[PDB]
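Novice: experimental structure below, sequence on top.
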Amino acid sequence: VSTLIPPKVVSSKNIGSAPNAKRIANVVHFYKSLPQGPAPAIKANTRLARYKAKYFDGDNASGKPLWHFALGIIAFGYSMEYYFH
Amino acid sequence: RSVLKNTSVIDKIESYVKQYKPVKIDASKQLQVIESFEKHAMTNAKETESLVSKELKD
(Lines give C-alpha, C1' and ligand atoms only; values in the text may rest on other atoms or scores of the structure.)
Protein backbone atom coordinates (compact mmCIF):
# COMPACT_ATOMS: atom_id res chain seq x y z
CA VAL A 1 0.00 0.00 0.00
CA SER A 2 3.11 2.11 0.39
CA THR A 3 6.75 2.25 -0.60
CA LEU A 4 8.79 -0.33 1.26
CA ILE A 5 12.36 0.70 2.03
CA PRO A 6 15.14 -1.91 2.18
CA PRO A 7 17.63 -0.37 -0.30
CA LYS A 8 19.37 1.92 2.16
CA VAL A 9 19.39 0.21 5.54
CA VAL A 10 23.12 -0.47 5.36
CA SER A 11 23.69 2.21 8.02
CA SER A 12 23.18 0.01 11.07
CA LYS A 13 23.74 -3.16 9.03
CA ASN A 14 27.53 -2.90 8.72
CA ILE A 15 28.20 -3.97 12.32
CA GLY A 16 26.15 -7.15 12.39
CA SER A 17 27.40 -9.13 9.40
CA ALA A 18 30.13 -11.71 9.87
CA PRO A 19 32.99 -10.44 7.60
CA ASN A 20 32.75 -7.05 9.31
CA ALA A 21 34.76 -8.60 12.15
CA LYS A 22 37.43 -9.78 9.69
CA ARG A 23 37.42 -6.38 7.97
CA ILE A 24 37.90 -4.44 11.20
CA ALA A 25 40.45 -7.03 12.29
CA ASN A 26 42.76 -6.72 9.32
CA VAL A 27 42.47 -2.98 8.90
CA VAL A 28 44.08 -3.01 12.35
CA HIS A 29 46.46 -5.80 11.32
CA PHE A 30 47.79 -3.95 8.28
CA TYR A 31 48.74 -0.45 9.41
CA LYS A 32 51.66 -0.86 11.83
CA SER A 33 53.41 -3.66 9.91
CA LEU A 34 56.77 -2.48 8.55
CA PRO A 35 56.70 -2.61 4.72
CA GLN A 36 59.50 -4.76 3.29
CA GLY A 37 61.76 -6.03 6.05
CA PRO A 38 62.48 -2.42 6.98
CA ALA A 39 64.05 -1.29 10.25
CA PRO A 40 65.99 -4.59 10.15
CA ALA A 41 69.19 -3.40 11.88
CA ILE A 42 71.09 -6.15 10.08
CA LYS A 43 74.38 -5.38 11.87
CA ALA A 44 74.85 -5.08 15.62
CA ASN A 45 78.02 -5.46 17.65
CA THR A 46 78.25 -6.21 21.38
CA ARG A 47 81.52 -8.27 21.18
CA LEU A 48 79.40 -11.43 20.66
CA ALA A 49 76.48 -10.36 18.45
CA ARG A 50 78.74 -10.95 15.45
CA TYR A 51 79.01 -14.56 16.64
CA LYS A 52 75.22 -14.85 16.50
CA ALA A 53 75.07 -13.03 13.16
CA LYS A 54 77.62 -15.40 11.63
CA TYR A 55 76.31 -18.54 13.32
CA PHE A 56 72.82 -18.29 14.83
CA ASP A 57 70.55 -16.64 12.29
CA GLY A 58 68.07 -18.38 10.02
CA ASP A 59 70.53 -18.40 7.12
CA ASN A 60 73.59 -20.27 8.43
CA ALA A 61 71.99 -22.50 11.10
CA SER A 62 74.60 -25.26 10.79
CA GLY A 63 75.73 -27.28 13.78
CA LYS A 64 79.39 -26.06 13.67
CA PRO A 65 79.19 -23.84 16.84
CA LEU A 66 78.10 -27.00 18.64
CA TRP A 67 81.26 -28.42 17.08
CA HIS A 68 83.07 -25.31 18.33
CA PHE A 69 81.41 -25.76 21.72
CA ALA A 70 82.39 -29.43 21.59
CA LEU A 71 85.99 -28.33 21.06
CA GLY A 72 85.43 -25.86 23.90
CA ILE A 73 84.93 -28.74 26.29
CA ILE A 74 87.95 -30.33 24.61
CA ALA A 75 89.66 -27.03 25.39
CA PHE A 76 88.42 -26.98 28.96
CA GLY A 77 89.05 -30.17 30.91
CA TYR A 78 92.28 -31.13 29.15
CA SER A 79 93.90 -27.98 30.52
CA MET A 80 92.46 -29.05 33.87
CA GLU A 81 94.23 -32.32 33.10
CA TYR A 82 97.39 -30.20 33.14
CA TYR A 83 96.15 -28.78 36.44
CA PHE A 84 95.33 -32.22 37.90
CA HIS A 85 96.78 -35.28 36.20
CA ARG B 1 -32.60 10.87 -27.95
CA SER B 2 -34.42 10.99 -31.30
CA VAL B 3 -34.76 7.20 -31.10
CA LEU B 4 -37.36 7.32 -28.32
CA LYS B 5 -40.45 8.89 -29.92
CA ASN B 6 -42.24 9.10 -26.56
CA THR B 7 -39.25 10.71 -24.92
CA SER B 8 -40.38 12.20 -21.56
CA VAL B 9 -37.29 11.13 -19.54
CA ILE B 10 -34.26 11.73 -21.74
CA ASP B 11 -34.24 15.43 -21.00
CA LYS B 12 -34.76 14.51 -17.33
CA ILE B 13 -31.78 12.18 -17.04
CA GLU B 14 -29.89 14.47 -19.42
CA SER B 15 -30.34 17.21 -16.82
CA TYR B 16 -29.46 14.66 -14.14
CA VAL B 17 -26.13 13.96 -15.83
CA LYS B 18 -25.48 17.67 -16.38
CA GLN B 19 -26.30 18.16 -12.69
CA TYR B 20 -23.60 15.66 -11.74
CA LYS B 21 -21.28 16.89 -14.52
CA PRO B 22 -19.06 18.37 -11.76
CA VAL B 23 -18.74 14.72 -10.78
CA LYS B 24 -16.32 14.50 -7.82
CA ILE B 25 -12.71 15.61 -7.47
CA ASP B 26 -9.69 13.49 -6.53
CA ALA B 27 -7.16 14.03 -3.76
CA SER B 28 -3.59 15.17 -4.03
CA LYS B 29 -4.11 15.86 -0.34
CA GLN B 30 -0.68 14.48 0.57
CA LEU B 31 1.65 17.45 0.79
CA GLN B 32 2.37 17.01 4.51
CA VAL B 33 2.79 13.24 4.93
CA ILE B 34 4.44 12.29 1.64
CA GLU B 35 7.17 14.88 2.20
CA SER B 36 7.83 13.22 5.57
CA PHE B 37 8.23 9.78 3.99
CA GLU B 38 10.58 11.07 1.29
CA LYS B 39 12.46 13.00 3.99
CA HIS B 40 13.15 9.81 5.96
CA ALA B 41 13.98 8.01 2.71
CA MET B 42 16.40 10.67 1.45
CA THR B 43 18.01 10.87 4.90
CA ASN B 44 18.72 7.12 5.03
CA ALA B 45 19.73 7.23 1.37
CA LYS B 46 22.33 9.99 1.72
CA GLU B 47 23.69 8.35 4.88
CA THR B 48 24.13 5.02 3.09
CA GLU B 49 25.48 6.66 -0.08
CA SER B 50 28.17 8.63 1.73
CA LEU B 51 28.95 5.68 4.02
CA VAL B 52 29.65 3.23 1.20
CA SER B 53 31.64 5.89 -0.67
CA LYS B 54 33.83 6.22 2.41
CA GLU B 55 34.05 2.46 2.99
CA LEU B 56 35.06 1.72 -0.60
CA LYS B 57 38.07 4.02 -0.43
CA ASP B 58 38.86 2.74 3.05
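Specialist: Sure thing, it's come through. Numbering: from 1, shown residues only, chains lettered A, B, ... in the order given.
Novice: now do the same contact list for the closest residue to chain B within chain A.
Specialist: Among the residues of chain A, residue A:8 lies nearest to chain B; the distance is 4.3 Å by C-beta to the nearest C-beta. The C-beta positions use only the backbone N, C-alpha and C, and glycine is treated the same way. When the contact criterion is C-beta atoms under 8 Å, 6 or more residues apart in numbering or on different chains, the partners of residue A:8 are B:41, B:44-45, B:47-49.
Novice: repeat the analysis, applying 10 Å as the threshold.
Specialist: The neighbourhood of residue A:8, defined by C-beta atoms under 10 Å, 6 or more residues apart in numbering or on different chains, consists of B:41-49, B:51-52.
Novice: let's see which of those end up in helices.
Specialist: Assigned to helices by DSSP state H, the following of the contacts of residue A:8 qualify: B:41-49, B:51-52.
Novice: near chain B, which residues of chain A show up?
Specialist: Within reach of chain B by C-beta under 10 Å from any C-beta of the partner chain, chain A has these residues: A:2-3, A:5, A:7-14, A:23, A:27.
Novice: next, count neighbours for residue B:48.
Specialist: Other residues lying near residue B:48 total 17 when counted by other C-beta atoms under 10 Å in any protein chain shown.
Novice: related to what we said a few turns ago, now list the buried members of the contacts of residue A:8.
Specialist: Neighbour counting over the contacts of residue A:8 (16 or more other C-beta atoms under 10 Å in any protein chain shown) leaves B:44, B:48 as the buried ones.
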